[PDB]
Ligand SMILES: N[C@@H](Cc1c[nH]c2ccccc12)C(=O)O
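Next up: just one chain, as structure tokens, the form deposited without the named molecule.
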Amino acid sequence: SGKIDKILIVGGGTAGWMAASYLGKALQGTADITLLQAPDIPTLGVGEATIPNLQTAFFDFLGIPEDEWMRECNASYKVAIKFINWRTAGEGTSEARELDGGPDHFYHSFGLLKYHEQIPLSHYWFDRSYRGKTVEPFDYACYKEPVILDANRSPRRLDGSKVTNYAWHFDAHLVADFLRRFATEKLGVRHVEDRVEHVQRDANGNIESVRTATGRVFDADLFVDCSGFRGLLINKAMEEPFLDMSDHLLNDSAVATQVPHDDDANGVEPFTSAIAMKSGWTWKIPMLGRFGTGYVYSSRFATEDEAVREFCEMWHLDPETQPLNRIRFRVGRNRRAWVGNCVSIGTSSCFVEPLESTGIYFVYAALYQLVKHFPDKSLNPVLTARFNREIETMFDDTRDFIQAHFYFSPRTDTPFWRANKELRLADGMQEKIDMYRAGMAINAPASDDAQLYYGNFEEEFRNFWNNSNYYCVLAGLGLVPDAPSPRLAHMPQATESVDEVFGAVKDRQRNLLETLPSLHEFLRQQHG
């Protein structure tokens, strides 16, 4: 019996310091926290893209205003993910190829999808498209974002007012540093820079203590494994099996670097770019004066050298001198994220390519669940089982959504793209696709007020990938319902007034394209 008195976090990367901060804040003065991390070879800041609830679910919980952390972490703004060349054959290039009279790209914005008589706008759009009343792409018809993004507009007016939902772009290293200073200076977390050499377990199989290379021994009531892909505690010591899911996702590697950028001459893109390649895709994460970029590929379809070549050749970099990070990652999740008195947080727990910026999200989402299911020293099995259930559905739902990006691409030009169609969608994903094809909304939000949504975590965790997200991706790639939603034929009054809505977004976007200052313009002011 008794509450948890000591917590030991193993690992000092982004996950480790977010854990120290979140737990240090949530348990302020009722638990002694120590973070243990081995100083080793650091990597290039290849950039990180995020989602809106980073501020409401994480930084707001710590009591850190947006302005404070993003200025210290030299962050930029992200309004969407621009998918480039996912529908056309060809080599890996930063320039969109031509498709049906236009550039091959489509957006997945954080922007809200307007309802109309209890029905998502997406459904009205497809009805008109299917009956030939429109030729306009889904994103440009239902969202105001596409047009102001094509013009690299800021998501905020010079006076600071927000005109749309947005997330952030930043170097993970700087954020980890910011959080380390915060956790140690303001939350009392003890930082020990040493390397774990031996983990001692008791007869119940729980971790008793960890011994470092210098011979120091640390004990705790609860151990948080933030050791990364190695899973030092969860996989190695506790022997919990990692479940590989490469049967759903072929990508398992990446070659990444940071590239200098002339913002003055080219402005700053208010979005992350996902550029389709021959054996994967490449991310582009604009930051201040540079952009992080990385080629995510499948080791089964391209050798590291081929990836290095393809990657450097698209950014016109020199393979021989360009500093490059060659990464190999495991895809999937542990059979159980929390076993005994060991909780895995971060890549030690689960991982999927950054195609939808879920990496950091998985960390604070898991920390939120750990606090919600926080135990005492008796370690009630029920709290552990529930936490584990929340993690598996969180991961598996994203895994499926991401697989859909590859499964439904029309490309058949390379072994990679053709191989993605050979895979099997999880039963849950197949059911969602069937629903989509039948004209149904997928996980429509009970309400269409982003505020409530992006402001209330419980509500967002339960409706993470909603109808808007699915339409952007599926419709963007070319997968559309078999026929218009049956209910529409019974709503003449609705399908008539819907035009007011479509016109409203057209005006909305015409006005923003004229009154909004470029992202660069805003960033200058924003950043001293």
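Start at 1 and count along the sequence shown; that's the residue number. Rigid core here is just the name for the largest C-alpha set that superposes within 1.5 Å across the two forms.
K.L.:
Once the rigid core is matched, which of the two stretches, 108-116 or 121-129, lies farther off on average in 4 other deposited structures of this protein by C-alpha?
P.N.:
Clearly, after the core fit, the stretch farther away in 4 other deposited structures of this protein is 108-116.
K.L.:
On mean C-alpha B-factor from the PDB entry, just flag whether 325-333 or 370-378 is the higher one.
P.N.:
Going by the record's values, the stretch with the higher mean is 325-333.
K.L.:
If you average the CA temperature factors as listed in the entry, which stretch comes out higher, 45-53 or 495-503?
P.N.:
Higher mean C-alpha B-factor in the PDB entry: 495-503.
K.L.:
Quick one: which of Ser299, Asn165, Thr257, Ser344 shows the highest Cα temperature factor in the PDB entry?
P.N.:
Max CA B-factor in the entry, restricted to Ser299, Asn165, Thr257, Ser344: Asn165.
K.L.:
Among the choices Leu232, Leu250, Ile285, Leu112, identify the one whose CA B-factor in the record is greatest.
P.N.:
So the option with the highest C-alpha B-factor is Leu112.
K.L.:
Quick one: classify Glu306 as lowest, middle or highest third of the chain based on its Cα B-factor.
P.N.:
As the PDB entry reports it, the C-alpha B-factor of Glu306 lands in the highest third of its chain.
K.L.:
Against its chain's modelled residues, does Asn463's Cα B factor rank lowest, middle or highest third?
P.N.:
Answer is highest: the recorded C-alpha B-factor places it there.
K.L.:
Report the third (lowest, middle or highest) to which the CA temperature factor of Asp177 belongs, ranking only the modelled residues of the same chain.
P.N.:
Tercile = middle for this residue's CA B-factor.
K.L.:
Within this chain, which third does the Cα B-factor at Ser409 fall in: lowest, middle or highest?
P.N.:
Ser409: CA B-factor falls in the middle third of its chain.
K.L.:
Select lowest, middle or highest to describe the third in which the CA B-factor of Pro241 falls within its chain in this entry.
P.N.:
Lowest third - that is where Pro241 ends up once the chain's C-alpha B-factors are sorted.
One more form of this protein exists, namely the form solved in complex with the named molecule; it is left out here, but the text below deals with it.
K.L.:
Can you work out which of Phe387, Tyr454, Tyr140, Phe301 has a heavy atom no more than 4.5 Å from the named molecule in the bound PDB entry?
P.N.:
Only one listed residue qualifies here, and that residue is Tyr454.
K.L.:
So which of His123, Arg399, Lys144, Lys78 gets a non-hydrogen atom within 4.5 Å of the named molecule in the bound PDB entry?
P.N.:
Selected residue: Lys78.
K.L.:
Given that the named molecule is not shown alongside this chain, does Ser109 nevertheless sit within 4.5 Å of it in the bound PDB entry, heavy atom to heavy atom?
P.N.:
Yes, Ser109 lies within 4.5 Å of the named molecule in the bound PDB entry.
K.L.:
Please run the contact check for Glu356 against the named molecule in the bound PDB entry: heavy atoms, 4.5 angstroms, yes or no?
P.N.:
Looking in the bound PDB entry, residue contacts with the named molecule include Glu356, since a heavy atom lies within 4.5 Å.
K.L.:
Can you tell me whether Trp465 touches the named molecule? I mean in the bound PDB entry, with a 4.5 angstroms heavy atom cut-off.
P.N.:
Result yes; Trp465 sits at the interface with the named molecule in the bound PDB entry.
K.L.:
Can you check whether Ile51 is within 4.5 Å of the named molecule in the bound PDB entry, heavy atom basis?
P.N.:
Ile51: contacts the named molecule in the bound PDB entry.
K.L.:
Just one stretch in 24-32, 495-503, 63-71, 456-464 has heavy atoms within 4.5 Å of the named molecule in the bound PDB entry, so which one is it?
P.N.:
Heavy-atom contact with the partner occurs in 456-464.
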